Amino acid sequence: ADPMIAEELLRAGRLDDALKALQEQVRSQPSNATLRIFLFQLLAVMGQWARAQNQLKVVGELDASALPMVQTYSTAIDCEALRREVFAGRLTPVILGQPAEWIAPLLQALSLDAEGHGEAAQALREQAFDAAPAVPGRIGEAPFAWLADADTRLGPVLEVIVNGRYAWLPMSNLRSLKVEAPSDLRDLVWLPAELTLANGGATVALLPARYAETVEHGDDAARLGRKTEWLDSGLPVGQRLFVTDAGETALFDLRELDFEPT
């Protein structure tokens, strides 16, 4: 009876309950496009990818102006399956921008991990990170000597979706990255960004905003990007986190990242 019931449950972090309440609202008002937009986004937060894609089609059918969003987010959902294949060591991603050969051992480490060779994988990651070039920069006004993801499977690499294609972007290939705080619920899953490549062009992009294992292995707070937690694997779930020589910065606290020209 309370039109805000699903939102109330959502803000409390009660995802299963929020979904049940929202589904009941949609059943009552099946032509309400606003409810469908909420539902696709909630399903994406919950990692119910096929159902999210079905609801996104309904959004575009009810609200034709939403078709560009439908296309962009449908493909973003497809890319989550590719992320899983990459982190499982079964496929390898496009490298965006100038080649970065040091990423090859970084990817082969994922295959070694999948095969149960954790020691060998760690050795390859050390080789990768040793070969990755040094580029200082700034987060906002604060300088850094180096920057890396807290996820040691990436290190100084940014997962991106550009023009509906997933890629690994070596941070050393960037001039700048600009983001705003998340606004829409879908921003918790894929954060919009403007990327400028060093010696190159600029593009809008989506940044996968949570670690790939979050859907399956995190709790509701992690799925909402409200925390970053380390599992028995020694890897994080939840909101993406960056580390520099000076300290840590959560993705949703980032606004601008600049690298010094080399």
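One-based numbering along the sequence shown.
(request) Using only the Cα atoms and their B-factors as the entry lists them, report which of 156 to 164 and 125 to 133 averages higher. (result) According to the PDB entry, the answer is 125 to 133.
(request) Select between 114 to 122 and 92 to 100 the stretch whose C-alpha atoms have the higher average B-factor in the entry. (result) Mean CA B-factor is higher for 114 to 122.
(message) According to the Cα B-factor stored in this entry, which of the following is highest: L174, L82, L188, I139?
(response) Highest C-alpha B-factor among the listed options: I139.
(request) Determine which member of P182, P105, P170, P143 has the highest CA B-factor, using the values in the deposited entry. (result) Comparing C-alpha B-factors across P182, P105, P170, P143, the maximum falls on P143.
(request) Give the position of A193 by CA B-factor within its chain, expressed as the lowest, middle or highest third. (result) As the PDB entry reports it, the C-alpha B-factor of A193 lands in the lowest third of its chain.
(request) Pull the Cα B-factor of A246 out of the PDB entry and bin it into the chain's lowest, middle or highest third. (result) It belongs to the highest third of the chain when residues are ordered by C-alpha B-factor.
(message) Quick check on the deposited entry: does the C-alpha B-factor of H217 sit in the lowest, middle or highest third of its chain?
(response) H217: CA B-factor falls in the highest third of its chain.
(message) Can you tell me whether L231 has a C-alpha B-factor in the lowest, middle or highest third compared with the other modelled residues of the same chain?
(response) Top third by C-alpha B-factor.
(request) Relative to the other modelled residues of the same chain, rank the CA B-factor of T203 and answer lowest, middle or highest third. (result) For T203, whose C-alpha B-factor we compare with every modelled residue in the chain, the answer is the middle third.
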